[PDB]
Structures are given as structure tokens and as C-alpha cells.
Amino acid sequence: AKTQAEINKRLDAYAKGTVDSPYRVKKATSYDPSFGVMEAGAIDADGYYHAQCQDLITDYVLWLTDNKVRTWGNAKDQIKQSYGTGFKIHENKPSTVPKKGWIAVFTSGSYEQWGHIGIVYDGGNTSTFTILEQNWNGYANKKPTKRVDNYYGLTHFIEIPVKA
């Protein structure tokens, strides 16, 4: 398991394009004519579809679990599987406010078909929070980027284990 300080450092490194990941693009990379060229810093964990939202999560969960747990499926399928001990799935209730490093999962409305997914960067309040995500633009080309979200479509949070 990882400490909060280790988690926090890794989130900043995602956003800066310096994360210690073998799935981080070093030089602008392209293979799928439907998507934009992946900039340095993008995370592509599967070698399909350039840098999608779930690619970030695949990398993060591999790091959290010392490469023991590889996610399968699309963003929306993450709430149908378990990442193991100390990972907990929470329904997003109007009461619910997440914690830095938790995983935010969008499965309703405009996100229903594939889901969307990202990492909680700032837990915020009941109105907004800051997410760190890939592919909110649909072009699958940018590195992980921060965005303010209003909980629209957001159905679940995945709590991750934190080492004291």
C-alpha cells in the first residue's frame, strides 16, 4: 500500500508529465487515425485507442497494488469488479464528499454508454471537486489534466487503501 504523501506526489507527477510509469508516452506517439497524436505525458496502458480515461486508472491501480491488479473493461465496468483488500465502492449520495486519491466513476446520463473515470485531486465540497483525468475532450491525446466537476453523472467513488 502507498502513503498519502506518495499518492499526492504521484498525482502531481501525472499532471506534470513526469510520472514514473512505463506507460507514459515519452515522444508524441500515434497509431489510431481516429484520435489525436498522443502528447508526451499521456498514459496508454493497453495499446488501443490512444489515451483514454480508463488508461490512467489502469496505471494507477497497477502502481497502488505493486503490479498485482490489472483492471479490465471500460470505465463503467470498474464498479462491477474489485481491486482487492482495502478498496471500497461507495455510491455517490447527496451527502457524499470524496478524498484525495479516490477514484470517481461516472455511469449515468451522457456518460452511460462507456462510462467516464478519473482520480479525485481535491475533494472539494458538496457542490464541486477537482478531478484529474484523461480524455474528457474525446480526442484521446492529452496527458492527465485537472478539471472542476459538479458531480453531474457521477454515480460512485472507489476508496483506495492508504498506508499510515
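All residue numbers refer to positions in the sequence shown, first residue = 1.
- Looking at mean Cα B-factors across 75-83 and 89-97, the upper value is held by 89-97.
- Just going by the entry, 146-154 versus 5-13 on mean CA temperature factor gives the higher value to 5-13.
- The entry lists C-alpha B-factors for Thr107, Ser30, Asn125, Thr58, and the highest of these is at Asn125.
- Among the modelled residues of its chain, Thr130 has a C-alpha B-factor that falls in the lowest third, as given in the PDB entry.
- Annotation for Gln54: CA B-factor lies in the lowest third of the chain's modelled residues.
- When the modelled residues of the chain are ordered by C-alpha B-factor, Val69 sits in the highest third.
- Annotation for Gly115: CA B-factor lies in the middle third of the chain's modelled residues.
- Among all modelled residues in its chain, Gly41 ranks in the lowest third by Cα B-factor.
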